[PDB]
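J.: Below you'll find final-v6.cif; it's mmCIF, C-alpha atoms and all ligand atoms.
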data_data
#
loop_
_atom_site.label_atom_id
_atom_site.label_comp_id
_atom_site.auth_asym_id
_atom_site.auth_seq_id
_atom_site.Cartn_x
_atom_site.Cartn_y
_atom_site.Cartn_z
CA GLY A 1 -22.72 -20.96 -24.63
CA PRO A 2 -19.96 -18.49 -23.75
CA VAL A 3 -16.30 -19.36 -24.30
CA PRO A 4 -14.42 -19.84 -21.01
CA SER A 5 -11.63 -17.51 -19.89
CA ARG A 6 -8.63 -17.71 -17.50
CA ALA A 7 -6.42 -15.04 -15.94
CA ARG A 8 -3.12 -14.98 -17.82
CA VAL A 9 -1.28 -14.52 -14.50
CA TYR A 10 -1.65 -15.76 -10.90
CA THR A 11 -4.09 -18.24 -12.31
CA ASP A 12 -3.61 -20.96 -9.69
CA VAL A 13 -2.60 -18.98 -6.57
CA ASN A 14 -5.64 -20.08 -4.56
CA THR A 15 -5.53 -23.66 -5.84
CA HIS A 16 -2.17 -24.20 -4.17
CA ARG A 17 -2.92 -22.17 -1.06
CA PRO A 18 -4.22 -24.08 1.95
CA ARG A 19 -8.04 -24.16 2.02
CA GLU A 20 -8.06 -21.89 5.10
CA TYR A 21 -6.67 -19.09 2.91
CA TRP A 22 -9.63 -18.71 0.54
CA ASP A 23 -12.47 -20.54 2.33
CA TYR A 24 -13.69 -17.42 4.12
CA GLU A 25 -17.05 -18.90 5.19
CA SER A 26 -15.13 -21.06 7.68
CA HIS A 27 -13.12 -18.14 9.02
CA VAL A 28 -13.31 -17.63 12.78
CA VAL A 29 -13.18 -13.94 13.68
CA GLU A 30 -10.76 -12.85 16.39
CA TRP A 31 -12.52 -10.10 18.35
CA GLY A 32 -10.78 -7.18 20.01
CA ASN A 33 -12.05 -4.97 22.83
CA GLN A 34 -14.79 -2.62 21.67
CA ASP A 35 -14.11 -0.21 24.53
CA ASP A 36 -10.66 0.52 23.08
CA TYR A 37 -12.23 2.77 20.45
CA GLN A 38 -14.16 5.98 20.89
CA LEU A 39 -16.02 7.35 17.87
CA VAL A 40 -15.21 11.01 17.14
CA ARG A 41 -17.10 11.96 13.97
CA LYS A 42 -18.93 10.37 11.07
CA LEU A 43 -16.97 10.51 7.82
CA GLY A 44 -19.41 8.84 5.47
CA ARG A 45 -22.26 6.43 4.92
CA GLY A 46 -22.39 3.88 2.14
CA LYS A 47 -24.80 1.19 1.07
CA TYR A 48 -23.00 -1.39 3.18
CA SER A 49 -21.44 0.56 6.04
CA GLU A 50 -20.92 3.73 8.04
CA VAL A 51 -17.40 5.06 8.49
CA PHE A 52 -16.17 7.07 11.49
CA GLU A 53 -13.05 8.79 12.65
CA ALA A 54 -12.23 7.47 16.11
CA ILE A 55 -9.51 7.39 18.73
CA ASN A 56 -7.77 4.29 19.98
CA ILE A 57 -7.66 5.11 23.69
CA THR A 58 -4.89 2.56 24.34
CA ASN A 59 -2.43 4.72 22.38
CA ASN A 60 -4.37 7.96 21.83
CA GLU A 61 -3.94 7.56 18.07
CA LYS A 62 -6.50 8.35 15.39
CA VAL A 63 -8.09 5.39 13.69
CA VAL A 64 -11.02 4.81 11.36
CA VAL A 65 -13.93 2.56 12.27
CA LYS A 66 -16.12 0.94 9.64
CA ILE A 67 -19.37 -0.33 11.12
CA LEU A 68 -20.82 -2.85 8.70
CA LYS A 69 -24.54 -2.72 7.90
CA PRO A 70 -26.45 -6.01 8.17
CA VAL A 71 -25.41 -8.08 5.14
CA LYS A 72 -24.71 -11.82 4.64
CA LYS A 73 -22.28 -13.29 7.17
CA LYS A 74 -20.60 -14.62 4.04
CA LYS A 75 -19.80 -11.16 2.70
CA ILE A 76 -18.75 -9.91 6.12
CA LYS A 77 -16.31 -12.79 6.56
CA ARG A 78 -15.15 -12.32 2.97
CA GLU A 79 -14.04 -8.74 3.55
CA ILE A 80 -12.45 -9.63 6.90
CA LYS A 81 -10.56 -12.63 5.53
CA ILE A 82 -9.32 -10.69 2.50
CA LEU A 83 -8.11 -7.82 4.71
CA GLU A 84 -6.27 -10.24 6.99
CA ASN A 85 -4.75 -12.08 4.02
CA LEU A 86 -3.47 -8.83 2.51
CA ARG A 87 -2.36 -7.09 5.73
CA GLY A 88 1.14 -5.63 5.51
CA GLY A 89 1.15 -5.64 1.71
CA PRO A 90 2.28 -2.56 -0.22
CA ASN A 91 -0.28 0.28 0.03
CA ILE A 92 -2.98 -2.08 1.35
CA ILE A 93 -5.10 -0.44 4.08
CA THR A 94 -4.18 -2.02 7.42
CA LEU A 95 -6.90 -3.75 9.40
CA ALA A 96 -5.86 -3.01 12.98
CA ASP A 97 -8.72 -4.68 14.85
CA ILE A 98 -12.24 -6.10 14.63
CA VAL A 99 -14.80 -5.43 17.34
CA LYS A 100 -18.50 -6.11 17.94
CA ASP A 101 -20.44 -2.87 17.89
CA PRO A 102 -23.10 -3.07 20.61
CA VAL A 103 -25.54 -0.71 18.89
CA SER A 104 -25.44 -2.05 15.35
CA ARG A 105 -24.95 -5.63 16.57
CA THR A 106 -22.52 -6.06 13.65
CA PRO A 107 -18.73 -6.16 13.18
CA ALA A 108 -16.82 -2.88 13.27
CA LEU A 109 -13.56 -2.92 11.35
CA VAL A 110 -10.77 -0.72 12.71
CA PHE A 111 -8.30 0.74 10.19
CA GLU A 112 -5.19 2.87 10.29
CA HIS A 113 -6.17 6.49 9.72
CA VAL A 114 -5.23 8.15 6.44
CA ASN A 115 -4.96 11.93 6.57
CA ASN A 116 -6.23 12.36 3.02
CA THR A 117 -7.11 15.03 0.48
CA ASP A 118 -10.54 14.23 -1.04
CA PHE A 119 -10.26 13.31 -4.73
CA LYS A 120 -12.30 16.29 -5.95
CA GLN A 121 -9.66 18.91 -4.95
CA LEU A 122 -6.47 16.77 -5.17
CA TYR A 123 -7.11 15.82 -8.79
CA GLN A 124 -7.28 19.58 -9.46
CA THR A 125 -3.69 19.98 -8.25
CA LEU A 126 -1.86 16.78 -9.25
CA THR A 127 1.14 17.36 -11.49
CA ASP A 128 2.32 15.11 -14.29
CA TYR A 129 4.92 13.76 -11.88
CA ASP A 130 2.30 13.27 -9.15
CA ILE A 131 0.04 11.22 -11.43
CA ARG A 132 2.86 8.90 -12.48
CA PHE A 133 3.99 8.56 -8.85
CA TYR A 134 0.57 7.69 -7.46
CA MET A 135 -0.31 5.41 -10.38
CA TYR A 136 2.84 3.42 -9.61
CA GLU A 137 1.80 3.25 -5.96
CA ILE A 138 -1.66 1.92 -6.93
CA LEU A 139 -0.02 -0.72 -9.14
CA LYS A 140 2.04 -1.97 -6.18
CA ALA A 141 -1.20 -2.53 -4.30
CA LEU A 142 -2.91 -4.19 -7.27
CA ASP A 143 -0.02 -6.48 -8.18
CA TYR A 144 0.13 -7.49 -4.52
CA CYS A 145 -3.54 -8.41 -4.15
CA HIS A 146 -3.61 -10.10 -7.58
CA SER A 147 -0.46 -12.08 -6.65
CA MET A 148 -2.32 -13.09 -3.50
CA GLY A 149 -5.27 -14.39 -5.52
CA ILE A 150 -7.65 -11.49 -4.88
CA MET A 151 -9.35 -9.01 -7.20
CA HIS A 152 -10.53 -5.71 -5.74
CA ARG A 153 -13.51 -5.12 -8.08
CA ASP A 154 -14.20 -1.56 -6.87
CA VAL A 155 -11.19 0.48 -7.95
CA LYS A 156 -12.25 4.16 -8.16
CA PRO A 157 -10.91 7.51 -6.87
CA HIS A 158 -12.93 7.29 -3.62
CA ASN A 159 -11.16 4.06 -2.71
CA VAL A 160 -7.65 5.34 -3.25
CA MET A 161 -6.88 7.36 -0.13
CA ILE A 162 -3.97 9.73 -0.56
CA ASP A 163 -2.09 11.64 2.10
CA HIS A 164 -0.46 14.18 -0.23
CA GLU A 165 1.72 15.62 2.53
CA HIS A 166 3.64 12.39 3.15
CA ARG A 167 2.97 11.14 -0.38
CA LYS A 168 1.34 8.03 1.09
CA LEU A 169 -1.40 6.02 -0.59
CA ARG A 170 -3.80 3.31 0.61
CA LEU A 171 -6.22 1.19 -1.39
CA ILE A 172 -9.39 0.85 0.75
CA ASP A 173 -12.90 -0.71 0.83
CA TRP A 174 -12.33 -4.38 0.13
CA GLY A 175 -16.04 -5.05 0.61
CA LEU A 176 -16.51 -6.11 -3.03
CA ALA A 177 -13.20 -7.95 -3.33
CA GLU A 178 -13.18 -11.65 -4.23
CA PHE A 179 -10.87 -14.65 -4.46
CA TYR A 180 -9.99 -15.59 -8.02
CA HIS A 181 -10.56 -19.24 -8.88
CA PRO A 182 -10.06 -20.45 -12.48
CA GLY A 183 -13.37 -21.06 -14.23
CA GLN A 184 -15.49 -19.44 -11.54
CA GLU A 185 -18.39 -17.25 -12.61
CA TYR A 186 -18.76 -14.00 -10.70
CA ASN A 187 -21.45 -11.40 -10.09
CA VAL A 188 -21.25 -8.68 -12.73
CA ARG A 189 -22.94 -6.19 -10.37
CA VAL A 190 -19.66 -4.88 -8.99
CA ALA A 191 -17.69 -1.59 -9.31
CA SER A 192 -19.10 1.90 -9.71
CA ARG A 193 -20.77 2.60 -13.08
CA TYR A 194 -18.00 4.77 -14.54
CA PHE A 195 -15.33 2.19 -13.71
CA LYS A 196 -17.19 -0.96 -14.80
CA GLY A 197 -15.25 -3.06 -17.29
CA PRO A 198 -16.76 -4.05 -20.65
CA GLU A 199 -16.94 -7.63 -19.30
CA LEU A 200 -19.45 -6.47 -16.66
CA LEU A 201 -21.40 -4.37 -19.12
CA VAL A 202 -21.87 -7.28 -21.55
CA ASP A 203 -22.68 -9.75 -18.73
CA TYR A 204 -19.56 -11.92 -19.05
CA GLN A 205 -19.14 -13.61 -15.68
CA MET A 206 -15.85 -15.49 -16.00
CA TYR A 207 -13.67 -12.44 -15.43
CA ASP A 208 -10.53 -11.94 -13.36
CA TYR A 209 -7.91 -9.54 -11.97
CA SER A 210 -7.85 -7.70 -15.29
CA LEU A 211 -11.16 -6.05 -14.32
CA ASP A 212 -9.18 -3.84 -11.91
CA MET A 213 -6.92 -2.76 -14.76
CA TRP A 214 -9.85 -1.40 -16.76
CA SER A 215 -10.95 0.56 -13.71
CA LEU A 216 -7.40 1.87 -13.24
CA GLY A 217 -7.36 2.96 -16.90
CA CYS A 218 -10.58 4.89 -16.33
CA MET A 219 -8.96 6.67 -13.39
CA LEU A 220 -5.84 7.45 -15.45
CA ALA A 221 -7.90 8.83 -18.33
CA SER A 222 -9.74 11.11 -15.92
CA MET A 223 -6.48 12.38 -14.41
CA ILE A 224 -4.40 13.06 -17.54
CA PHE A 225 -7.35 14.49 -19.52
CA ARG A 226 -8.88 16.39 -16.58
CA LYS A 227 -12.34 14.91 -17.09
CA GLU A 228 -13.80 13.15 -14.03
CA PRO A 229 -15.25 10.68 -14.67
CA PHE A 230 -13.99 9.96 -18.17
CA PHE A 231 -16.70 7.60 -19.42
CA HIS A 232 -19.76 9.37 -18.01
CA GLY A 233 -22.74 7.09 -18.66
CA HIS A 234 -26.31 7.74 -17.50
CA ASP A 235 -26.88 4.06 -16.78
CA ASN A 236 -25.11 0.74 -17.41
CA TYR A 237 -26.28 0.58 -21.03
CA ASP A 238 -25.30 4.13 -21.88
CA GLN A 239 -22.00 3.40 -20.11
CA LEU A 240 -21.10 0.80 -22.77
CA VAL A 241 -22.22 3.18 -25.52
CA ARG A 242 -19.92 5.90 -24.12
CA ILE A 243 -17.03 3.43 -24.20
CA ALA A 244 -17.89 2.33 -27.74
CA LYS A 245 -17.82 5.92 -28.99
CA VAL A 246 -14.11 5.92 -28.06
CA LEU A 247 -12.89 2.34 -28.56
CA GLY A 248 -15.24 1.82 -31.54
CA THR A 249 -17.99 -0.66 -32.24
CA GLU A 250 -16.04 -3.07 -34.48
CA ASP A 251 -13.65 -4.04 -31.69
CA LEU A 252 -16.64 -4.38 -29.34
CA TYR A 253 -18.10 -6.90 -31.74
CA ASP A 254 -14.71 -8.62 -32.03
CA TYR A 255 -14.70 -8.91 -28.23
CA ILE A 256 -18.13 -10.39 -27.80
CA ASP A 257 -17.58 -12.65 -30.84
CA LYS A 258 -14.36 -14.03 -29.35
CA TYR A 259 -16.21 -15.16 -26.22
CA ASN A 260 -19.36 -16.04 -28.16
CA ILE A 261 -21.30 -13.43 -26.11
CA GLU A 262 -24.54 -11.75 -27.26
CA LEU A 263 -25.29 -8.11 -26.53
CA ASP A 264 -28.53 -7.26 -24.80
CA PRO A 265 -30.92 -6.63 -27.72
CA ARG A 266 -31.73 -3.28 -26.12
CA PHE A 267 -28.42 -2.06 -27.59
CA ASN A 268 -29.81 -2.44 -31.12
CA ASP A 269 -31.38 1.01 -31.00
CA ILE A 270 -28.73 2.90 -29.02
CA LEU A 271 -25.28 1.54 -29.89
CA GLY A 272 -24.83 2.80 -33.46
CA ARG A 273 -21.62 2.52 -35.48
CA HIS A 274 -18.45 4.20 -34.21
CA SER A 275 -14.88 4.31 -35.39
CA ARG A 276 -12.09 3.79 -32.88
CA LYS A 277 -10.69 7.19 -31.88
CA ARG A 278 -7.10 8.31 -31.36
CA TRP A 279 -6.37 9.43 -27.82
CA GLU A 280 -4.95 12.74 -29.04
CA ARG A 281 -8.48 14.03 -29.64
CA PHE A 282 -8.91 14.40 -25.86
CA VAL A 283 -5.81 16.57 -25.48
CA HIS A 284 -6.29 20.33 -25.19
CA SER A 285 -4.45 23.35 -23.82
CA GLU A 286 -5.69 22.81 -20.26
CA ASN A 287 -4.54 19.20 -19.94
CA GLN A 288 -1.56 18.93 -22.32
CA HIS A 289 0.99 19.30 -19.50
CA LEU A 290 -0.34 15.99 -18.12
CA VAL A 291 -0.12 14.18 -21.46
CA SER A 292 2.90 12.53 -23.09
CA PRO A 293 3.35 9.79 -25.69
CA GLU A 294 4.17 7.45 -22.83
CA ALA A 295 0.92 8.35 -21.00
CA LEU A 296 -1.21 7.75 -24.06
CA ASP A 297 0.44 4.43 -24.88
CA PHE A 298 0.07 3.26 -21.28
CA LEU A 299 -3.60 4.32 -21.22
CA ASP A 300 -4.18 2.63 -24.57
CA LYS A 301 -2.82 -0.64 -23.20
CA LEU A 302 -5.06 -0.56 -20.11
CA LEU A 303 -8.29 0.31 -21.89
CA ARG A 304 -8.90 -2.78 -24.04
CA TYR A 305 -12.32 -4.40 -24.48
CA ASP A 306 -10.72 -7.83 -24.25
CA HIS A 307 -9.84 -8.36 -20.60
CA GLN A 308 -7.16 -10.88 -21.70
CA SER A 309 -5.40 -8.15 -23.72
CA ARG A 310 -4.96 -5.59 -20.94
CA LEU A 311 -1.63 -4.97 -19.24
CA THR A 312 -1.26 -6.89 -16.01
CA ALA A 313 -0.32 -4.85 -12.96
CA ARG A 314 3.29 -6.12 -13.13
CA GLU A 315 3.51 -5.45 -16.86
CA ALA A 316 2.13 -2.00 -16.21
CA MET A 317 4.96 -1.26 -13.73
CA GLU A 318 7.45 -2.06 -16.51
CA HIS A 319 5.97 0.67 -18.77
CA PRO A 320 8.11 3.64 -19.95
CA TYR A 321 5.51 6.02 -18.42
CA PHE A 322 7.10 5.25 -15.05
CA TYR A 323 10.71 5.74 -16.12
CA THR A 324 10.72 9.31 -14.74
CA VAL A 325 9.31 8.23 -11.34
CA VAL A 326 12.00 8.09 -8.69
CA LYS A 327 12.49 4.60 -7.30
CA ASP A 328 14.37 3.86 -4.08
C1 LIG B 401 -12.68 7.42 4.98
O1 LIG B 401 -11.35 7.41 5.44
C2 LIG B 401 -10.78 6.13 5.63
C3 LIG B 401 -11.44 4.99 5.22
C4 LIG B 401 -10.84 3.75 5.45
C5 LIG B 401 -11.46 2.46 5.01
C6 LIG B 401 -12.62 2.38 4.36
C7 LIG B 401 -13.04 1.00 3.95
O2 LIG B 401 -12.18 0.07 3.96
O3 LIG B 401 -14.20 0.82 3.54
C8 LIG B 401 -9.60 3.67 6.06
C9 LIG B 401 -8.93 4.81 6.46
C10 LIG B 401 -9.54 6.03 6.25
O4 LIG B 401 -8.87 7.19 6.65
#
When written as structure tokens, how does the structure in this file appear?

T.:
Amino acid sequence: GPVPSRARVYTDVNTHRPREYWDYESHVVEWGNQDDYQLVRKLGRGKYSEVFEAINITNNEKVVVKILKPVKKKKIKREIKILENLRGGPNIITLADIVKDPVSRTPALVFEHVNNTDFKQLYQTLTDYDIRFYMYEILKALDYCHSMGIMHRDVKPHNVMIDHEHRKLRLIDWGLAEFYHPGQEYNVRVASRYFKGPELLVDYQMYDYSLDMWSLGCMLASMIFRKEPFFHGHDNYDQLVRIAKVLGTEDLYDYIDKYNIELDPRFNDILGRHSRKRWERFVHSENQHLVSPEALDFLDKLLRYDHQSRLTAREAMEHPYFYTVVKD
């Protein structure tokens, strides 16, 4: 059987929290007044929800309403409880209210509005300084939720809303987030393909906060190398092959051997043998102004096969890459 694993930090946060904190199935939802919110326009539709811009008519302020699609009451309460637990934390999207939508017959989550630039165009314009700045801001959010016993499990550009005018950032869509409990096995069908950690791709279920750090590394690679997404797999199998062509196959085998994991035999014909590459090979004249020795070392320390070897969010904030970022 597989070798067990533990987070190297915040391991027992939920253990010593009162049960009410992590037992979301028992959570009793406090409902606001649905008539306070008037929908203005549809912003997007996902697998699990529709998202609208709206107005709070009690203060005439813009808000965002997320009307959940019919899914397990467990998952609905999970997202709600996690959002309430994390409310007020650094760069955590603020849940302002919860109402019953009369048409969908489901909960509608009301969020603070973020006046964002969509990640397609913004990533085109981010400077070296901007990338360091916003990475640091994401780390504040990740160290906070990890310190609060929660892993996000869907870190990707879409879920990092940035108001570039006020240089404000919010980590959104906590619909896949979970409470970390030592020894617990989790669903590996989380995160978007390009941001899935090697643990997910090799079906290792006893993972932890460090999953988010792989995803963050994928985002960083895409920003400093100007290639979005960086690991661009055609499916979940090809995704691991794409990673192995960069990190190499010998360290992949070291990883699965450490946890006594077996690869899907379908990899036998597609994985091949690959040396580990040096990050400098991805540098060229159109991205070099975004690359520094500090950037490459930081990236290198996020993108490890072994989830136990990755920088923690707090360790990441100590990295020399962020020395040039103004703190106040
Ligand atoms: C699309 O724009 C927004 C989305 C959200 C939240 C989304 C979620 O939590 O799923 C919050 C504020 C926004 O401005």

J.: When distances are computed from all atoms listed in the file, which of A:116, A:287, A:104, A:308 shows the smallest separation from residue 206 of chain A?

T.: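 Closest candidate: A:308.
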
J.: Give me, as a ChimeraX atom specification, the set of residues whose atoms come within 10 Å of any atom of ligand LIG 401 (chain B), counting all atoms listed in the file.

T.: /A:42-46,48-53,62-68,79,83,92-95,109-116,118,158-163,170-176

J.: Could you tell me how far atom CA of residue 222 of chain A lies from atom CA of residue 130 of chain A, in Å and to one decimal?

T.: 14.0 Å

J.: Can you tell me how far atom CA of residue 8 of chain A sits from atom CA of residue 140 of chain A, in Å to one decimal?

T.: 18.2 Å

J.: Calculate how many Å separate atom CA of residue 210 of chain A from atom CA of residue 312 of chain A, rounding to one decimal.

T.: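 About the pair atom CA of residue 210 of chain A and atom CA of residue 312 of chain A: they are 6.7 Å apart.
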
J.: Considering all atoms listed in the file, can you say which of A:3, A:24, A:202, A:280 comes closest to residue 265 of chain A?

T.: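 Among A:3, A:24, A:202, A:280, it is A:202 that comes nearest to residue 265 of chain A.
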
J.: Around (-11.7, -13.8, 6.6), as given in the file, which residues come within 10 Å? Count all atoms listed in the file and list them as a PyMOL selection string.

T.: chain A and resi 20-30+74-85

J.: Between A:71, A:274, A:304, A:199, which one has atoms that come closest to residue 262 of chain A, using only C-alpha atoms?

T.: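 Counting only C-alpha atoms, the residue closest to residue 262 of chain A is A:199.
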
J.: Which residues, written as a ChimeraX atom specification, have at least one atom at most 12 Å from segment 291-297 of chain A, with all atoms listed in the file counted and residues fewer than 5 positions away on the same chain left out?

T.: /A:127-129,131-132,135,217,220-226,278-286,302-304,311,316,318-324

J.: Give me the residues near residue 310 of chain A as a PyMOL selection string, where near means some atom within 12 Å (using all atoms listed in the file) and where sequence neighbours in that chain fewer than 5 positions away do not count.

T.: chain A and resi 7-9+197-198+208-217+298-305+315-316

J.: Name all residues at most 6 Å from segment 186-192 of chain A (count all atoms listed in the file; drop same-chain ones fewer than 5 positions away) and give them as a ChimeraX atom specification.

T.: /A:153-154,200,205

J.: Within 12 Å of (-19.4, 0.1, -29.6) (file coordinates; all atoms listed in the file), which protein or nucleic acid residues are there? I'd like them as a VMD selection string.

T.: chain A and resid 198 201 to 202 237 to 256 263 267 to 268 270 to 277 305

J.: Taking all atoms listed in the file into account, which of A:236, A:184, A:14, A:38 comes nearest residue 108 of chain A?

T.: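 Selected residue with least distance to residue 108 of chain A: A:38.
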
J.: Would you mind listing what lies within 8 Å of residue 137 of chain A as a PyMOL selection string, with only C-alpha atoms counted and same-chain residues fewer than 3 positions away left out?

T.: chain A and resi 91+133-134+140-141+169
